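Reading through the structure tokens given below for one structure.
When a residue number appears, it is its place in the shown sequence, counting from 1. Hydrogens, waters and symmetry mates play no part in the numbers below; they use all other heavy atoms, side chains included.
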Amino acid sequence: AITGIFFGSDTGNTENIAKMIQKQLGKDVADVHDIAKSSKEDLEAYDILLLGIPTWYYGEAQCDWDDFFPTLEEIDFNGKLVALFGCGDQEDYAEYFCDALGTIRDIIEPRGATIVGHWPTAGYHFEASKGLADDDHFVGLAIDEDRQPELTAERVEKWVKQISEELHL
Ligand SMILES: Cc1cc2nc3c(=O)[nH]c(=O)nc-3n(C[C@H](O)[C@H](O)[C@H](O)COP(=O)(O)O)c2cc1C
Ligand SMILES: [Ca+2]
């Protein structure tokens, strides 16, 4: 219950990643939530937060998330450790590949969120992305279940390892 996984999902992908993630961390470690059925209180509740957001319709944010953003910007993230994950399509929307991860970064970083979990952009092949920490790493875990589902298992296995460390446990 140290970690609170909050996801948005429209066709189920991010919802599954969240669940693989919690499996890997374990239950007494983290609880998963559908941001759509979540509240401010529900988010402020945890100290370590994992936020999952898939990018929709040309750089936009999954609507459950889009609509929660205002509440999101009311939360003081100062004193909190966050990580970010999401889903994207690097071949049909290569020019907005996981931009949503970037939008949720901007809408939380100034708020004092201590972000963790940058992921190497090695192995992906998008044309552009607004969710990059540096131009060799996304700001979070980018999962492409549409084009690279075969790499989804390992990406999560390794990324969760990576965050477990950065967070310490
Ligand atoms: C019409 C349409 C627009 C989309 N636009 C984007 C986009 O701008 N960025 C991106 O990387 N993925 C884009 N995607 C792909 C989704 O983010 C991807 O399918 C993701 O796995 C969906 O996760 P969800 O099931 O959790 O919503 C789009 C998908 C569709 C069908
Ligand atoms: Ca493929």
Side-chain angles (χ1 to χ4, degrees), residues 3-25 27 30-46 48-75 77 82-109 111 113 115-119 121 123-133 138-157 159-160 163:
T3 318
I5 301 171
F6 299 79
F7 76 84
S9 193
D10 276 328
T11 38
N13 294 137
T14 306
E15 184 174 327
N16 76 44
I17 307 306
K19 298 191 184 178
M20 303 193 170
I21 293 194
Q22 171 199 57
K23 167 163 180 184
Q24 212 167 298
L25 292 179
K27 204 278 285 187
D31 312 284
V32 25
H33 305 262
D34 188 329
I35 191 64
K37 271 56 196 178
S38 303
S39 59
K40 195 161 166 295
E41 317 312 320
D42 294 331
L43 269 89
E44 305 185 297
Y46 302 82
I48 317 184
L49 293 179
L50 297 187
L51 308 178
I53 186 172
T55 303
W56 275 96
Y57 342 100
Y58 328 113
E60 296 339 283
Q62 190 267 339
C63 56
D64 282 334
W65 265 114
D66 192 292
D67 300 303
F68 182 98
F69 283 163
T71 300
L72 218 237
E73 308 164 324
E74 303 186 15
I75 299 181
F77 293 85
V82 195
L84 307 177
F85 60 108
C87 299
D89 185 342
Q90 67 190 274
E91 295 160 12
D92 283 63
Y93 303 94
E95 61 272 274
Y96 322 99
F97 189 65
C98 297
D99 287 6
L101 291 169
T103 48
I104 197 166
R105 142 183 76 217
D106 313 334
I107 206 170
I108 231 187
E109 192 105 84
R111 295 310 307 123
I115 298 167
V116 130
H118 295 0
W119 194 246
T121 67
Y124 299 74
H125 46 266
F126 54 98
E127 279 297 317
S129 172
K130 234 296 281 68
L132 303 166
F138 291 107
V139 61
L141 178 58
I143 293 281
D144 189 337
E145 283 290 54
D146 284 300
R147 315 307 170 175
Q148 300 172 330
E150 69 278 359
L151 315 175
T152 296
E154 38 284 292
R155 273 166 180 176
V156 181
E157 182 200 62
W159 179 84
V160 178
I163 63 182

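- Evaluation of the salt bridge (charged side-chain N to carboxylate O under 4.0 Å, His left out) rule for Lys40 yields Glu44 as partners, not counting sequence neighbours.
- Checking each of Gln148, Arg155, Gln90 against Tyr124 for a side chain to side chain donor-acceptor pair (under 3.5 Å) leaves exactly one that passes, namely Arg155.
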Query - Stepwise side chain to side chain contact (heavy atoms under 4.5 Å, CB included) check, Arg111 with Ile75 - result: CA-CA 7 Å; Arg111 295 310 307 123; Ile75 299 181; over 6 Å; no
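- Applying the side-chain hydrogen bond (donor to acceptor under 3.5 Å, both in side chains) test to every pair with at least one member in residues 92-104, sequence neighbours left out, gives these pairs: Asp92-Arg147.
- Note that CD1 of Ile53 is 11.0 Å distant from OG of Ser9, once rounded to the nearest 0.5 Å.
- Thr55 and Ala100 make their closest contact through OG1-N, 2.9 Å (heavy atoms, listed as atom of the first residue, atom of the second, distance).
- Remark: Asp42 pairs with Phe6, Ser38, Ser39 by the side chain to side chain contact (heavy atoms under 4.5 Å, CB included) rule, at least two apart or across chains.
- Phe126 pairs by the ring-ring contact (aromatic ring centres under 6.0 Å, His included) definition with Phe97, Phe138, not counting sequence neighbours.
- Applying the side chain to side chain donor-acceptor pair (under 3.5 Å) test to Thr152 and every residue at least two apart in sequence or in another chain returns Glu145.
- A side-chain donor-acceptor contact under 3.5 Å links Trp65 to the backbone of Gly52.
- With rounding to the nearest 0.5 angstrom, the CG atom of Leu141 is 10.0 Å from the CG atom of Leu84.
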Query raised in the report: Passes side chain to side chain contact (heavy atoms under 4.5 Å, CB included), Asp106 versus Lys130? Steps please.
Result: CA-CA 10 Å; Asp106 313 334; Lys130 234 296 281 68; 3.5 Å; yes
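- Between atom CG of residue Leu43 and atom OG1 of residue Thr71 there is a gap of 9.0 Å, rounded to the nearest 0.5 Å.
- Counting all heavy atoms, side chain and backbone alike, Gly117 lies closest to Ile163 at CA-CG2, 3.8 Å.
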Distance-only check: which donor-acceptor pairs under 3.5 Å involve side-chain atoms of residues 11-19, not counting sequence neighbours?
| unit_1 | atom_1 | unit_2 | atom_2 | d |
| --- | --- | --- | --- | --- |
| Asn16 | ND2 | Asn13 | O | 3.1 |

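- Contact of the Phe69 side chain with the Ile104 side chain is registered, since non-hydrogen atoms from C-beta on lie closer than 4.5 Å.
- Scanning both residues, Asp67 and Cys63, for their nearest heavy atoms gives OD2-O, 2.6 Å.
- Partners of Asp146 by salt bridge (charged side-chain N to carboxylate O under 4.0 Å, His left out), not counting sequence neighbours: none found.
- Contact check for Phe85 versus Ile5: side-chain heavy atoms found under the 4.5 Å cut-off.
- Listed by chain and number, the residues in a side chain to side chain donor-acceptor pair (under 3.5 Å) with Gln22 amount to none (sequence neighbours excluded).
- Qualifying salt bridge (charged side-chain N to carboxylate O under 4.0 Å, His left out) partners for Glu127, counting only residues two or more places apart in sequence or in other chains: none.
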**Report entry** Verdict with reasoning, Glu157 to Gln24, per side chain to side chain contact (heavy atoms under 4.5 Å, CB included)
**Finding:** CA-CA 7 Å; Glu157 182 200 62; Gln24 212 167 298; 3.9 Å; yes
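- In this structure, the separation between SG on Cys98 and CG on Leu132 is 9.5 Å, given to the nearest 0.5 Å.
- Legend: residues meeting side chain to side chain donor-acceptor pair (under 3.5 Å) with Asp10, ordered by chain and number and at least two apart, are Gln62.
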Query raised in the report: What do the steps show when you test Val116 against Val82 for side chain to side chain contact (heavy atoms under 4.5 Å, CB included), and what is the final call?
Result: CA-CA 6 Å; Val116 130; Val82 195; over 6 Å; no
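- With sequence neighbours excluded, the residues satisfying side chain to side chain contact (heavy atoms under 4.5 Å, CB included) with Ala36 are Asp34, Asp64.
- The CD1 atom of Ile143 sits 9.0 Å away from atom CH2 of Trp159, with the distance rounded to the nearest 0.5 Å.
- The CD1 atom of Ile115 sits 4.0 Å away from the CD atom of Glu109 when rounded to the nearest 0.5 Å.
- Residues passing the ring-ring contact (aromatic ring centres under 6.0 Å, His included) test with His118, sequence neighbours excluded: none.
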